[PDB]
$ cat start.cif   # mmCIF, C-alpha atoms
data_upload
loop_
_atom_site.group_PDB
_atom_site.id
_atom_site.type_symbol
_atom_site.label_atom_id
_atom_site.label_comp_id
_atom_site.auth_asym_id
_atom_site.auth_seq_id
_atom_site.Cartn_x
_atom_site.Cartn_y
_atom_site.Cartn_z
ATOM 1 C CA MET A 1 86.893 109.911 96.010
ATOM 2 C CA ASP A 2 86.768 110.115 99.883
ATOM 3 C CA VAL A 3 83.579 107.846 100.210
ATOM 4 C CA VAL A 4 84.582 104.230 99.122
ATOM 5 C CA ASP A 5 88.055 104.572 97.382
ATOM 6 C CA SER A 6 88.808 100.713 97.425
ATOM 7 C CA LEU A 7 85.491 99.897 95.502
ATOM 8 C CA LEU A 8 86.220 102.734 92.884
ATOM 9 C CA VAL A 9 89.723 101.141 92.019
ATOM 10 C CA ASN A 10 89.065 97.292 92.467
ATOM 11 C CA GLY A 11 86.068 96.922 90.075
ATOM 12 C CA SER A 12 85.848 100.727 89.328
ATOM 13 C CA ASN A 13 83.008 100.981 86.667
ATOM 14 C CA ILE A 14 79.403 99.573 86.977
ATOM 15 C CA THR A 15 80.053 97.239 83.856
ATOM 16 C CA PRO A 16 80.950 93.621 85.260
ATOM 17 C CA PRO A 17 84.334 91.782 84.297
ATOM 18 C CA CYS A 18 84.541 89.069 81.560
ATOM 19 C CA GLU A 19 88.327 88.412 80.930
ATOM 20 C CA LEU A 20 89.379 85.488 78.609
ATOM 21 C CA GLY A 21 93.151 84.643 78.243
ATOM 22 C CA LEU A 22 92.748 83.446 74.541
ATOM 23 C CA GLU A 23 91.602 87.032 73.481
ATOM 24 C CA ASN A 24 94.408 89.719 73.708
ATOM 25 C CA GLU A 25 92.301 93.004 74.025
ATOM 26 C CA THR A 26 89.425 91.818 76.343
ATOM 27 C CA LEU A 27 86.428 94.175 75.672
ATOM 28 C CA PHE A 28 83.801 91.471 76.767
ATOM 29 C CA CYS A 29 81.340 92.969 79.399
ATOM 30 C CA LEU A 30 83.799 95.598 80.936
ATOM 31 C CA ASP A 31 84.597 98.748 78.802
ATOM 32 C CA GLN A 32 88.018 99.750 80.513
ATOM 33 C CA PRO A 33 87.587 102.606 83.250
ATOM 34 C CA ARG A 34 88.119 106.107 81.660
ATOM 35 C CA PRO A 35 88.454 108.303 83.840
ATOM 36 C CA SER A 36 88.925 106.230 87.115
ATOM 37 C CA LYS A 37 87.514 108.589 89.876
ATOM 38 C CA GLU A 38 83.748 108.866 90.975
ATOM 39 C CA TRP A 39 82.383 109.462 87.353
ATOM 40 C CA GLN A 40 79.584 107.135 85.875
ATOM 41 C CA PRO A 41 79.159 105.018 89.234
ATOM 42 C CA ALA A 42 78.194 108.321 91.100
ATOM 43 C CA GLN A 43 75.750 109.448 88.245
ATOM 44 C CA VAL A 44 73.922 105.963 88.201
ATOM 45 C CA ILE A 45 73.163 106.258 92.055
ATOM 46 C CA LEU A 46 72.093 110.016 91.379
ATOM 47 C CA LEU A 47 75.008 112.159 92.784
ATOM 48 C CA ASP B 1 80.702 114.140 79.489
ATOM 49 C CA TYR B 2 80.184 111.869 82.599
ATOM 50 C CA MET B 3 79.660 114.826 85.098
ATOM 51 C CA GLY B 4 77.077 116.105 82.613
ATOM 52 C CA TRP B 5 74.113 113.567 82.669
ATOM 53 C CA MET B 6 73.140 115.122 86.071
ATOM 54 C CA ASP B 7 75.841 117.868 86.634
ATOM 55 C CA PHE B 8 73.569 119.374 89.436
#
$ encode --input "start.cif" --output "structure tokens"
Amino acid sequence: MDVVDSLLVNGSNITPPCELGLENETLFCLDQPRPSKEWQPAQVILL
Amino acid sequence: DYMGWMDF
């Protein structure tokens, strides 16, 4: 995306991070960005 | 689909 590219890669999705080193596949809070572009963040602001 | 909820 042209408007705010650095926010749509660092962070990416509207689901917040919870990353624990003890767990291998960390699916706590954040769902893994698929696809990483404008996507669900643009639809939640209405765009 | 993500572009789909409001595709307009």
$ resolve_selection --input "start.cif" --expression "the PyMOL selection byres ((chain A) within 10 of (chain B))" --output "list in words"
residues 34, 35, 38, 39, 40, 41, 42, 43, 44, 46 and 47 of chain A
$ resolve_selection --input "start.cif" --expression "the PyMOL selection byres ((chain A and resi 32) around 12)" --output "PyMOL selection string"
chain A and resi 9+11-19+25-31+33-36
$ axis_aligned_box --input "start.cif" --around "chain B" --padding-each-side "5 Å" --output "AutoDock Vina command-line options"
--center_x 76.9 --center_y 115.6 --center_z 84.5 --size_x 17.6 --size_y 17.5 --size_z 19.9
$ build_atoms --input "start.cif" --residues "stretch 26-47 of chain A" --atoms "N, CA, C and O atoms" --output "PDB file, in the frame of the given file"
ATOM      1  N   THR A  26      90.687  92.367  75.775  1.00  0.00           N
ATOM      2  CA  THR A  26      89.425  91.818  76.343  1.00  0.00           C
ATOM      3  C   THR A  26      88.415  92.971  76.598  1.00  0.00           C
ATOM      4  O   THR A  26      88.359  93.557  77.684  1.00  0.00           O
ATOM      5  N   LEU A  27      87.607  93.265  75.564  1.00  0.00           N
ATOM      6  CA  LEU A  27      86.428  94.175  75.672  1.00  0.00           C
ATOM      7  C   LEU A  27      85.052  93.444  75.866  1.00  0.00           C
ATOM      8  O   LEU A  27      84.009  93.984  75.486  1.00  0.00           O
ATOM      9  N   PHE A  28      85.037  92.253  76.505  1.00  0.00           N
ATOM     10  CA  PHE A  28      83.801  91.471  76.767  1.00  0.00           C
ATOM     11  C   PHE A  28      83.248  91.910  78.150  1.00  0.00           C
ATOM     12  O   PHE A  28      83.949  91.791  79.162  1.00  0.00           O
ATOM     13  N   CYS A  29      82.005  92.432  78.175  1.00  0.00           N
ATOM     14  CA  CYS A  29      81.340  92.969  79.399  1.00  0.00           C
ATOM     15  C   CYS A  29      81.899  94.356  79.861  1.00  0.00           C
ATOM     16  O   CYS A  29      81.196  95.364  79.754  1.00  0.00           O
ATOM     17  N   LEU A  30      83.149  94.390  80.369  1.00  0.00           N
ATOM     18  CA  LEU A  30      83.799  95.598  80.936  1.00  0.00           C
ATOM     19  C   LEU A  30      84.446  96.461  79.815  1.00  0.00           C
ATOM     20  O   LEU A  30      85.232  95.968  78.998  1.00  0.00           O
ATOM     21  N   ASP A  31      84.104  97.763  79.814  1.00  0.00           N
ATOM     22  CA  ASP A  31      84.597  98.748  78.802  1.00  0.00           C
ATOM     23  C   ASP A  31      85.998  99.419  79.028  1.00  0.00           C
ATOM     24  O   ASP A  31      86.383 100.251  78.201  1.00  0.00           O
ATOM     25  N   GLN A  32      86.740  99.095  80.113  1.00  0.00           N
ATOM     26  CA  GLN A  32      88.018  99.750  80.513  1.00  0.00           C
ATOM     27  C   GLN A  32      87.729 101.129  81.206  1.00  0.00           C
ATOM     28  O   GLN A  32      87.365 102.060  80.479  1.00  0.00           O
ATOM     29  N   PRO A  33      87.882 101.321  82.557  1.00  0.00           N
ATOM     30  CA  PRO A  33      87.587 102.606  83.250  1.00  0.00           C
ATOM     31  C   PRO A  33      88.336 103.871  82.740  1.00  0.00           C
ATOM     32  O   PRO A  33      89.570 103.932  82.783  1.00  0.00           O
ATOM     33  N   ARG A  34      87.566 104.852  82.234  1.00  0.00           N
ATOM     34  CA  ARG A  34      88.119 106.107  81.660  1.00  0.00           C
ATOM     35  C   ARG A  34      87.104 107.262  81.953  1.00  0.00           C
ATOM     36  O   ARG A  34      86.051 107.268  81.302  1.00  0.00           O
ATOM     37  N   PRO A  35      87.338 108.266  82.851  1.00  0.00           N
ATOM     38  CA  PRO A  35      88.454 108.303  83.840  1.00  0.00           C
ATOM     39  C   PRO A  35      88.127 107.515  85.145  1.00  0.00           C
ATOM     40  O   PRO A  35      86.967 107.473  85.557  1.00  0.00           O
ATOM     41  N   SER A  36      89.140 106.947  85.825  1.00  0.00           N
ATOM     42  CA  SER A  36      88.925 106.230  87.115  1.00  0.00           C
ATOM     43  C   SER A  36      88.922 107.232  88.311  1.00  0.00           C
ATOM     44  O   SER A  36      89.980 107.626  88.813  1.00  0.00           O
ATOM     45  N   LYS A  37      87.713 107.644  88.741  1.00  0.00           N
ATOM     46  CA  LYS A  37      87.514 108.589  89.876  1.00  0.00           C
ATOM     47  C   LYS A  37      86.152 108.240  90.567  1.00  0.00           C
ATOM     48  O   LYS A  37      86.007 107.113  91.049  1.00  0.00           O
ATOM     49  N   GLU A  38      85.166 109.161  90.606  1.00  0.00           N
ATOM     50  CA  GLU A  38      83.748 108.866  90.975  1.00  0.00           C
ATOM     51  C   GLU A  38      82.840 108.673  89.717  1.00  0.00           C
ATOM     52  O   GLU A  38      82.205 107.622  89.601  1.00  0.00           O
ATOM     53  N   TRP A  39      82.828 109.641  88.769  1.00  0.00           N
ATOM     54  CA  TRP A  39      82.383 109.462  87.353  1.00  0.00           C
ATOM     55  C   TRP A  39      80.968 108.825  87.121  1.00  0.00           C
ATOM     56  O   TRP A  39      80.019 109.191  87.818  1.00  0.00           O
ATOM     57  N   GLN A  40      80.834 107.889  86.160  1.00  0.00           N
ATOM     58  CA  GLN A  40      79.584 107.135  85.875  1.00  0.00           C
ATOM     59  C   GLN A  40      78.984 106.333  87.086  1.00  0.00           C
ATOM     60  O   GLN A  40      77.778 106.501  87.277  1.00  0.00           O
ATOM     61  N   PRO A  41      79.699 105.534  87.942  1.00  0.00           N
ATOM     62  CA  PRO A  41      79.159 105.018  89.234  1.00  0.00           C
ATOM     63  C   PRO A  41      78.396 106.000  90.180  1.00  0.00           C
ATOM     64  O   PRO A  41      77.314 105.647  90.655  1.00  0.00           O
ATOM     65  N   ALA A  42      78.924 107.226  90.400  1.00  0.00           N
ATOM     66  CA  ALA A  42      78.194 108.321  91.100  1.00  0.00           C
ATOM     67  C   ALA A  42      76.904 108.836  90.388  1.00  0.00           C
ATOM     68  O   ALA A  42      75.873 108.981  91.047  1.00  0.00           O
ATOM     69  N   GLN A  43      76.945 109.073  89.063  1.00  0.00           N
ATOM     70  CA  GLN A  43      75.750 109.448  88.245  1.00  0.00           C
ATOM     71  C   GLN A  43      74.598 108.387  88.183  1.00  0.00           C
ATOM     72  O   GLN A  43      73.426 108.779  88.167  1.00  0.00           O
ATOM     73  N   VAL A  44      74.919 107.076  88.157  1.00  0.00           N
ATOM     74  CA  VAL A  44      73.922 105.963  88.201  1.00  0.00           C
ATOM     75  C   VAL A  44      73.174 105.862  89.578  1.00  0.00           C
ATOM     76  O   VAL A  44      71.953 105.672  89.564  1.00  0.00           O
ATOM     77  N   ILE A  45      73.852 106.025  90.739  1.00  0.00           N
ATOM     78  CA  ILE A  45      73.163 106.258  92.055  1.00  0.00           C
ATOM     79  C   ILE A  45      72.468 107.663  92.246  1.00  0.00           C
ATOM     80  O   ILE A  45      71.794 107.855  93.262  1.00  0.00           O
ATOM     81  N   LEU A  46      72.635 108.629  91.309  1.00  0.00           N
ATOM     82  CA  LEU A  46      72.093 110.016  91.379  1.00  0.00           C
ATOM     83  C   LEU A  46      72.916 110.857  92.399  1.00  0.00           C
ATOM     84  O   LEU A  46      72.532 110.990  93.566  1.00  0.00           O
ATOM     85  N   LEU A  47      74.064 111.390  91.936  1.00  0.00           N
ATOM     86  CA  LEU A  47      75.008 112.159  92.784  1.00  0.00           C
ATOM     87  C   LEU A  47      75.880 112.974  91.804  1.00  0.00           C
ATOM     88  O   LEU A  47      76.911 112.548  91.284  1.00  0.00           O
TER      89      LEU A  47
END
